[PDB]
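Convention: sequence-line order gives letters A, B, ...; per-chain numbering from 1. The basis for the numbers below is simple: all heavy atoms, side chains too, and nothing from hydrogens, waters or symmetry mates.
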There are 4 protein chains.
Amino acid sequence: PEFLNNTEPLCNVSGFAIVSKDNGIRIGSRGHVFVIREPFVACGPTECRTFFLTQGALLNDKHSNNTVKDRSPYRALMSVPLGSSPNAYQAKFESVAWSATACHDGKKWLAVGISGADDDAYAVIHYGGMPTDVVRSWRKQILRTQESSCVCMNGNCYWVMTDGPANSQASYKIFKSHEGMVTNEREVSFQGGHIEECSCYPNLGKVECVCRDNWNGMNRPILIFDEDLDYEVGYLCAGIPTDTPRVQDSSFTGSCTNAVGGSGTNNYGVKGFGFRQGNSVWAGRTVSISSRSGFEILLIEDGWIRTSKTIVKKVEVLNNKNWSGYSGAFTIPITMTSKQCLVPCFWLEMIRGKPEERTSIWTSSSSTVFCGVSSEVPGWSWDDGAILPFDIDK
Amino acid sequence: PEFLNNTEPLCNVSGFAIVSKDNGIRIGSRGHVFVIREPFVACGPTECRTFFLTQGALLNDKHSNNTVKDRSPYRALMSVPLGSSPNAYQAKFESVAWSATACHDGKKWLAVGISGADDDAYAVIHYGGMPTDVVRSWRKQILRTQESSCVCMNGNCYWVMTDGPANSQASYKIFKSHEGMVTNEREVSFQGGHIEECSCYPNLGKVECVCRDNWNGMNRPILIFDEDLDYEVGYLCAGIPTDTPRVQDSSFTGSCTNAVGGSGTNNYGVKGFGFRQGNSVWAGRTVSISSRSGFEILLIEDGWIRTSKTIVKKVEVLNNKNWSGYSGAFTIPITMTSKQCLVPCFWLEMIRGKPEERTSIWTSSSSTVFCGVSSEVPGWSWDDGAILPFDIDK
Amino acid sequence: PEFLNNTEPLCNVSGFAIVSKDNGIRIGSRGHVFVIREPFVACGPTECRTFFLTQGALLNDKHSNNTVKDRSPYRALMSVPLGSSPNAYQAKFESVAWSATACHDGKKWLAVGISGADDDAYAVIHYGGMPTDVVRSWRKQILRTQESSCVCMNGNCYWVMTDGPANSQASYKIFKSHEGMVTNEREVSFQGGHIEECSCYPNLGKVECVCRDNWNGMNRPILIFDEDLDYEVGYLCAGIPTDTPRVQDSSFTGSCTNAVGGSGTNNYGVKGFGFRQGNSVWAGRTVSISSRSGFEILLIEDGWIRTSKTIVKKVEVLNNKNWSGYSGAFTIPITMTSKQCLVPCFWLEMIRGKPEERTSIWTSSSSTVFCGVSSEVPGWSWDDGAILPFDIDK
Amino acid sequence: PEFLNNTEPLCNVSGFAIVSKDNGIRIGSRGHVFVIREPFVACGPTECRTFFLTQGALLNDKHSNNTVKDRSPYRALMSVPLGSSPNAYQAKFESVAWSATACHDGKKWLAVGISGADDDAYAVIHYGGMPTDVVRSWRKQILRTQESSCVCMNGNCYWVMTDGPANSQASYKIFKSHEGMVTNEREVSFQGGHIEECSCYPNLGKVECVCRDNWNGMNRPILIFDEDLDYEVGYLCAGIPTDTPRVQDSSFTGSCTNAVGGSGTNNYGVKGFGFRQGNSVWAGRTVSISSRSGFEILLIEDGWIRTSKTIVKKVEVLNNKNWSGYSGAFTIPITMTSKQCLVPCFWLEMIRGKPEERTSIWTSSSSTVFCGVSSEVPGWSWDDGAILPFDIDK
Ligand SMILES: *[C@@H]1O[C@H](CO)[C@@H](O[C@@H]2O[C@H](CO)[C@@H](O)[C@H](O)[C@H]2NC(C)=O)[C@H](O)[C@H]1NC(C)=O
Ligand SMILES: *[C@@H]1O[C@H](CO)[C@@H](O[C@@H]2O[C@H](CO)[C@@H](O)[C@H](O)[C@H]2NC(C)=O)[C@H](O)[C@H]1NC(C)=O
Ligand SMILES: *[C@@H]1O[C@H](CO)[C@@H](O[C@@H]2O[C@H](CO)[C@@H](O)[C@H](O)[C@H]2NC(C)=O)[C@H](O)[C@H]1NC(C)=O
Ligand SMILES: *[C@@H]1O[C@H](CO)[C@@H](O[C@@H]2O[C@H](CO)[C@@H](O)[C@H](O)[C@H]2NC(C)=O)[C@H](O)[C@H]1NC(C)=O
Ligand SMILES: CC(=O)N[C@H]1[C@H]([C@H](O)[C@H](O)CO)OC(C(=O)O)=C[C@@H]1NC(=N)N
Ligand SMILES: CC(=O)N[C@H]1[C@H]([C@H](O)[C@H](O)CO)OC(C(=O)O)=C[C@@H]1NC(=N)N
Ligand SMILES: CC(=O)N[C@H]1[C@H]([C@H](O)[C@H](O)CO)OC(C(=O)O)=C[C@@H]1NC(=N)N
Ligand SMILES: CC(=O)N[C@H]1[C@H]([C@H](O)[C@H](O)CO)OC(C(=O)O)=C[C@@H]1NC(=N)N
Ligand SMILES: *[C@@H]1O[C@H](CO)[C@@H](O)[C@H](O)[C@H]1NC(C)=O
Ligand SMILES: *[C@@H]1O[C@H](CO)[C@@H](O)[C@H](O)[C@H]1NC(C)=O
Ligand SMILES: *[C@@H]1O[C@H](CO)[C@@H](O)[C@H](O)[C@H]1NC(C)=O
Ligand SMILES: *[C@@H]1O[C@H](CO)[C@@H](O)[C@H](O)[C@H]1NC(C)=O
Ligand SMILES: [Ca+2]
Ligand SMILES: [Ca+2]
Ligand SMILES: [Ca+2]
Ligand SMILES: [Ca+2]
C-alpha cells in the first residue's frame, strides 16, 4: 500500500458514459433501504464507493416522516460499493454526519463528518475507520462541507468548509490533512462571494473546485489551490449560468470575478460541478432554470477563461419531466485505468418526495453516475423511476 | 494474477450433472429478490458467478408491474455467487444494462452493458469495475449482445453484437478487447442469415458460437472465429432443429449453409446453445416445438458436420409441464479442474409470469445450471417451483 | 494451503460445553430465514460452518407449505458461519441436494449433494465450488448419505452412502476421494444389519462411524474403516440402547454383533452419534424412548467393547418437554486448537412443525452445538424457543 | 500477526468526540434488527466492533415479548462492525451468552460468554471462533462478567467475574488467559464492597477497572491489577458520586476505601466507567440521580486520589429528556493511531421499552460511541430516536 500521487493532468474527454444507477428508491418500496440525501462517489486505488447521508431511518417506515429536514442527531455518513442501493445490510458506517466529505489517499479511507448543534457543530475526521482529529465550528453557524469527494495527492488530503450565514457573507476555509490529522488550514478571502458544497478534483497537482453561491450568484464560484493552500478564487467565467435558480442564457452576462445574480435568483442554489478542459469547461446544470428538474452537461469553448457563450457539446442525461438535485465531481486514479491522466466523472442526485411531491411525508434520493470518455456518447433519461406516493404516505 | 490461457480443447462429455438451482422466485415470495430475466453464468479462475438483468425492482412489489417489457432505464446487470438468489443484499452491481455479456480474463471481470434509447444505444465496457471503453450503436436499431458469457483467451476477450431489425437482415459484429479496451472489430457477412444472443465458448483456441436466428431460421446459426476475428459462419448442420418455434423433427431437413424455416416458425426464436464434440454436437432445446416449456439436451452423431438425424443420447432436465426460457453455454477453466480440457456447462432460464401466465402482472425467471461429466447422468425435472399468482397479483 | 493430516487421536473429554445456538426459527418469525432440516457442522482449518438442506422456501411464506416432505427438486445444501441463522442473505450455495455430506481437506471444501428421482438419484461432488465427479444410484432406491460431516485425512476424504429399502436389507458403501474425484469404493457386507445417516469422525488415522439402523435395530451400527476402505462393522456394544424408538434400558440387552429390536421399535430410527473414548463411549440420545424429544449424552464405561450398562456421566442439554431431532459428530482440527488430539463435538437438531405440531403447515429445525472439554460441564435446556403456530399457519 | 503490547500509557484527553451511532431501534422499526441489550465496543489491531447480547428475536416481532427479562437460553453474544445496526444479516455469532466480555489480543478475537441455569452457569471461552476453555460458577449464583471489553497485553487477556448475591456480599475474581486458556485466577478480597460489570482498560501495563456496586455503594469501586493478578481495590475517591441511583453532589462525601450509600440508593446501580488521567479522572454518569436518563462526562481534578469536588470540565452527550443505560470503556491500540499512548473511548447504551416505557412489550437498546481527543469538544444530545410504541405493541 502506497499513497496515490494523483498529480497527473485531468483527461480531456468528449463525452460521458453512464457507469451506474442504484435504483434505491424503487428497491426501497419493498427492500430495506435507507432514506438518504446528499449522495456522492469517491474512488480508492481498487474500488469506487457511493457515500450518502442517511436519515437514520428506512424507506416506507414511519421514521421517514419529516425527512425533508436537513440536520438531526440520527443522520450518518455511510457507504456502499458503487451501484448498490444504500441498503440496511450492505451499508458501511463511516461517520456521524449531517454534512460530509470522503476520499482515499491510496492507503486508507478518510471520512469527515459534521454533527452537533447548529451553533456549535464539529467535524470528526475518521481515518482507516478510527477517529483521528476534529475541526470545530469557528463562526458557530452551521459548519458545513462539500457533500462530495475530497482530494488526496501525495498522501495529503484536502477539503473546503464553510461557516456562517446561508444568505450573506460567510467564512470559507481550506483544510490539509495527513493520515487523518489536520496539518494546515487557510481562510479564503472572498468579499461579496459565497462558497458552499464545493465539487473538487485534482488537476496537474492542484485542486480545482466548482462550488455553490447561495447568496448573490447564479454563476458558480471557482476555487483553485495548491499544497501550500495558496489559492485563486473567483467565478466560472462562462457567459452561461449553471446554478439553479438562474435566468435564461440570453439574459445572462458572465463574469470571472463577480457574483452575477438578481432577477429572482438570489439566496438559493444547488450543489453542482464543472471540469476544466484546458481553457474550456464541462459544466453540469439542471434543465429547468427555476427548479431541480432535468440534467444536462455542457462543453463551453474557452468557458474557464472568458465569458464565452459558445456551447460546442451538450448532453442530456435526465429530461425536464423528472426530478434531479445535487451533482458532484470525482476522478478515477491511474491505478484503475493505467492511463497517464485522471478520468473525470460526475454523479447526479435525483430527489423524490418533499418539497416538490407534497403528497409524500418523506424526502430521499437515488443516483446515476457517469464517466468521461474519449468519444461522443448519446444521452438519454435515466430517471429515479419510483412510483409515488408510497405505502407509508397513505 | 495472470491471464487465463483458455486455449485448451473442450472436453468430450457423456452427460450433464446439475450444479446449482437458485430457487429465486420461490424465495422472492417473501425475501427481497430482484425481478430479473436473461440470467447467465461466467467463471473466473477461482469462482463462478450468476449474472442477470434486473428490472430495478423487487418481486412482490408494485414496481414489478409491467416487467414483461424488455428495455428501460432501470435495468442493470448484476451478479451473485453461483447458486444464490438474485437478491437485494448480495447482488453486486456490474453495469447499467438491458442487454449484456460478461467474462473473466484471469485477472479481472469484464462486463459489457448496453443501455440508452432504442435508436441510439451504447455499450459501456467495465473492467475491474471501472468504465474503460464504449461501443456505439452503428445501425441505430437496438444494439444488443449475447446475454451470456463472453470468451477470454490469452488476455483478450471476445463477444458478438447485433444492430438492426429483429425480423429481417441485420448487422452482426465480433469484438476483441484487452483490459477493457476494444482493440479490433469485424463485421460478419451473413446475407439471408440472422444472428442474435450468441452462446459462445473457447475450443482449441477458437471461439465457437451457437446463436439465435429471429428471422427465417428454426435452425441455429453457428459462428466460429479466431484471434484475428477471421470467421466461418453458417448453421448447425444437424437434421434436428433446435430453435423455438420449430417443426417436429420428421418435418425438418437440415442445412449447414441456409436458414431453414417457414411452417409458422419465422420471426421468432429463443436463445440457446450447443457444444461441438469432435464432429458431433450436444444441443439444447425446449421440449415443446411452439412454446418455451420443458428442456432437453441431445447428443447428435456427426451433427456439427452433416445433416444427421441420429440422436445417440438425450437427457431431459425439465419436463414439458413446466416453463423454460433462455439457455446458454460457459466453460470451467483449468484452474478449477486441474484437467487438460475445458469443461462445458450450460444454464437454463425458467420464466414465470407474462406472457404465459396472464394472471400475474410481472415477469421474472430463475435458473438451473449443469456441467458436463465423463459418464452418463440421469435427468429429472428441476422446475422453477414458484406458486403463482403472487400476493402483488391480487 | 496444505492438506490437514487429521491422523491424531481423538481427545478424551469429560464434558460438553455449548458453542453455538442459531435461534433460526425464532428469527425467521420476522427475518428471512430458510425452511430447513438436516443441519450439520463441519470444520475447515480456520472456520467451522453450519450446513443445512433448505426446502427452497422461507419461513412464514406460503412456499413453506408441506415442507414435512423429505425430497423435492427445490432442496439445496447451503452453509453459513457457525452460529448464524440459515438466512436468505448469508447462505452460501453448496449443492443441489435432498441428502448431503460435506467436509474440508485443509485446502478446499468438499460437498456431496444427492438429487434426482427416487429411482435414479445421483450425488454431485463439488470441490472448491466446482463440480468434479458424480456417484450414481446403484440400487435405484433413494441413494442417500450421512447428513453430517465427512472425514478428510492426508488429502483424502471419506463418506458412507446407502441405497435400497428403508425397512429391510439395503446396500451400504464407503467412498474415498481426492480433490473431489472418487478414487476408491467398497461395499460393506452387513447381512441382517441396516446402515443410514452415519456420524463419522477421525480417530488415530481411522474413520469411526456411529449410524442409524432403520430396520431391526434399536442399537446403533458401528462402522470403522481405514484408508484402504478395509472395515469392521457391527453394533455399539453398550447395554444401553441409543436409537429412537427404543425400549427402557432395563428391558434391553446389548450386542456387539446383532441388531437388537422388537417391542415396537422396528422400522424407524433417528440419526445420532457416539464417540469412542478408549474402551468407553460418549453416546447421545433423545430423552424420550418413543419420540424425538429431549436430548442427553451418556458416558458408558467400556461401552465400545462390551455390553456395559454402567453410566459414569450423563448430561442433559434439552429437556423432555422440548422437541429434538437429528444429532451428529464432527471434530476440530489441530490448526484451531494447537492440541495434539482432535476435539470431539456434536450438534443437535430441534425440529418444529409437522408431524408433532399438527397446527403448523410446515416443518423446519434449528440447532445447538457442543464441544468436548477436559472438565465436567453442567447441562441445561437450550430449546428451539419458537412460539407456534406462526402467522402463515393462520 | 503479532500480539499487541498494549503497555503504553493511557492518553490524556481534553474532550470526547462522537465516533458512531447505530440508530438500531429506528432502523428496526422496519428492518430486521435484533432485540438486544448490554452492547459494548472492543478494538482489534485493524477494526473496532460492536458486541451485544441478543434476545434471539427481532424487533417488531412477537418473540420480542417479555424481553425485559435478563437471562434465557436464546440470548447470544454477537458482533457487527462499529456503527452498524445489530441486524440479522451482518451479525457475527460469537458465543451463547446472557453475560459476556470480548477483546482482541492482536492475533485473534477472544469472547467469553456465560449461559446455563442461574444456579449452575458457566462461561465458554472462544478464541479465534473455537471453544478453548470453560469457567464454572464457583458460588452457584448467577456467574456474571463485564458486559464490556476485556483487556489484552503482551498476549495475555484479563477480565473480571462475579458470583453470588446481587444485593449483599458476593465473590469477585480476576482471570488471566493466553490463547483462550485460563492460565491464572485470583479472588479479590473486598469485604463490605460489591463489584459487578467492570469497565476496564490498559494503562501503563496495568489493568484499571471502574465498576458497579449493587449493594451499599453509590460510589464506584475501582480495581487495579497487574500481570500476576496482584491488585488494589477500593472506591473512586472523588467527592462526586457517579452510580445511579445516587444523591445530589452536595449531599455526598467521597471515600477512597468505603462504600458510601443510603438515602434510598442501596441495592441497585448501573454499569458505568471512568478513566484515570494522572491524578484526575474522567467519569461518566446519567444526568438523573434516580433514573437511567441523560448522560454526561465529568473531568474531576485529583478525583482519582482524593475526595475532590472540583469539576474542571463537563460535557453532556444526552439530555435528561432521553433514556440512557449502561456505559463502558475501551481503548484504541497504537496500530490504528500511530500514537505513543492508548486512546480512551466510551460507549453509551440507550434503553427503550420496559420498564420506563410500559406501553411497549419489549426492551432493547441502541448506542453512541465517543473517543477522547486532545482538545475540548462541544456536547449535544444524540438520543436513540425511535418513536414508540411500535407496531408489535398494538
Ligand atoms: C487537454 O487539452 C488541453 C488544451 O488543448 C491541453 O493543453 C495543452 O497542452 C499542450 C502540450 O503541453 C500545450 O502545448 C498547450 O499550450 C496546452 N493548451 C492549453 C490551452 O493549455 C492538454 O495537454 C490536454 N490534456 C491532456 C491530459 O491531454
Ligand atoms: C473429443 O473427441 C474427438 C473425436 O473423437 C477427438 O478428436 C480426435 O482427436 C484425435 C487425437 O488428436 C485425432 O486423431 C482425431 O482425428 C480427432 N477426431 C476428430 C473427429 O476430430 C478429441 O481429441 C476429443 N477431445 C478431447 C479433449 O479428448
Ligand atoms: C484416551 O484414553 C484412553 C484410555 O485411557 C487412552 O488409551 C490408552 O493409551 C495409553 C498410552 O498409549 C496406553 O498405554 C493404553 O493401553 C491405552 N488404553 C486403552 C484402553 O486404549 C488414550 O491414550 C487417551 N487418548 C488421549 C488422546 O489422551
Ligand atoms: C497525563 O498527565 C499526567 C499528569 O500530568 C502525566 O503524568 C506525569 O508524567 C510526568 C512525566 O513522566 C511526571 O514527571 C509526573 O510526575 C506525572 N504526573 C502525575 C500526576 O502522574 C502523564 O505523563 C500524562 N500522560 C501522557 C500519556 O501524556
Ligand atoms: C448543512 C446543511 O444543512 N446543508 C444543506 C444545504 C444548506 O442549507 C445550503 O447550502 C445553505 O447553506 O442546502 C441543501 C439543499 O438541498 O439546498 C441540503 C443540505 N443538507 C445537508 N447537507 N444535510
Ligand atoms: C435487447 C432486447 O430487448 N432483447 C430481447 C430479445 C429481442 O427482442 C430478440 O432477440 C429480437 O431482436 O428477445 C427476448 C425474448 O425473450 O425473446 C428478450 C430480450 N430482452 C432483453 N435482453 N432485455
Ligand atoms: C433421503 C431421505 O429422504 N432421508 C430421510 C430419512 C429416511 O427416510 C430414513 O433414513 C429412511 O431411509 O429419514 C428422515 C427422518 O426424519 O427420519 C429424514 C430424511 N430426509 C432427508 N435427508 N431429506
Ligand atoms: C447476569 C445478569 O442478569 N446481569 C444483569 C444485571 C444484574 O442483575 C445486576 O448487575 C445485579 O446483579 O443488571 C442489569 C441491569 O440492567 O441492571 C442487566 C443485566 N443483564 C444481563 N447481563 N443479561
Ligand atoms: C407524519 O407526520 C404527520 C404530522 O405529525 C402526521 O400527521 C402523519 O400521520 C405522520 N405519518 C406517519 C406515518 O406517522
Ligand atoms: C399494474 O398495472 C395495471 C395497469 O396500469 C393496474 O391496473 C394494476 O393495478 C397495477 N398493479 C399494481 C400493483 O400497481
Ligand atoms: C397449505 O396446503 C393446504 C392443503 O393444500 C391448504 O389448505 C392451505 O391453505 C395451504 N396453506 C397456504 C398458506 O397456502
Ligand atoms: C405479550 O405477552 C402478553 C402476556 O402474555 C400478551 O397479552 C400479549 O398479547 C403478548 N404480545 C404478543 C405480540 O404476543
Ligand atoms: Ca445561487
Ligand atoms: Ca428462429
Ligand atoms: Ca432403529
Ligand atoms: Ca449502587
*Counting heavy-atom pairs under 4.5 Å to chain C, which of D/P131, D/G128, D/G180, D/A117 comes out on top?*
D/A117
*Pairwise distance CG(C/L82) to CD(D/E94) - rounded to 0.5 angstrom*: 11.0 Å
*Engaged part of C/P81 at the chain D interface, taking heavy atoms whose separation is under 4.5 Å*: neither
*asked:* If we define contacts as heavy-atom pairs under 4.5 Å, which of C/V377, C/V373, C/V33, C/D391 has the most with chain D?
replied: C/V377
_Interatomic distance, C/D383 atom CG to D/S72 atom OG [nearest 0.5 angstrom]_ = 9.0 Å
*Heavy-atom distances under 4.5 Å only: say whether C/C371 touches chain D with side chain, backbone, both or neither.*
side chain
*Closest approach of C/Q90 and D/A88, non-hydrogen atoms and distance?*
OE1-O, 3.7 Å
*Distance in Å, D/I392 CD1 paired with C/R30 CZ, rounded so as to fall on 0.5 Å steps*: 7.0 Å
*When heavy-atom pairs shorter than 4.5 Å are enumerated against chain C, which of D/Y74, D/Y127, D/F34, D/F93 gives the highest number?*
D/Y74
*OH/C/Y89 to CG/D/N87 distance, rounded to the nearest 0.5 angstrom?*
11.5 Å
*Is the CD atom of D/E357 crowded by more than 12 outside heavy atoms at less than 6.0 Å?*
yes
*What are the two closest non-hydrogen atoms of C/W380 and D/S115, and how far apart are they?*
CZ3-OG, 3.6 Å
*Close side-chain approach of D/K92 to C/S84, heavy-atom, < 4.5 Å*: no
_For D/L58 versus C/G31, what's the shortest heavy-atom pair and its separation?_
CD1-N, 3.5 Å
*Which region of C/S381, side chain (C-beta onward) or backbone (N, CA, C, O), has a non-hydrogen atom less than 4.5 Å from a non-hydrogen atom of chain D, or is it both or neither?*
backbone
*Could you look at D/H63 and say if it's the side chain, the backbone, both or neither that has a heavy atom under 4.5 Å from chain C?*
both
*Using a cut-off of under 4.5 Å on heavy-atom pairs, state which of D/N60, D/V134, D/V124, D/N65 scores highest against chain C.*
D/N60
*Check each atom of D/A91 against the heavy atoms of chain C and say whether the ones under 4.5 Å are side chain, backbone, both or neither.*
backbone
*Evaluate side-chain contact (heavy atoms from CB on, under 4.5 Å) for C/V19 paired with D/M130, printing each intermediate quantity in order.*
CA-CA 8 Å; C/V19 175; D/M130 300 300 114; over 6 Å; no
*asked:* Using a 4.5 Å heavy-atom cutoff, which residues in residues 317-347 of chain C come close to chain D?
replied: C/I332, C/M336
*Given that the side chain runs from C-beta out, which part of D/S137 has a heavy atom under 4.5 Å from chain C: side chain, backbone, both or neither?*
neither
*Hey, does the side chain of D/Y122 reach the backbone of C/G379 with a donor-acceptor pair shorter than 3.5 angstrom?*
no
*Straight-line distance of D/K62 NZ to C/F390 CZ, nearest 0.5 Å*: 6.0 Å
_Nearest-0.5 Å distance, OG of residue D/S95 to NZ of residue C/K21_ = 13.5 Å
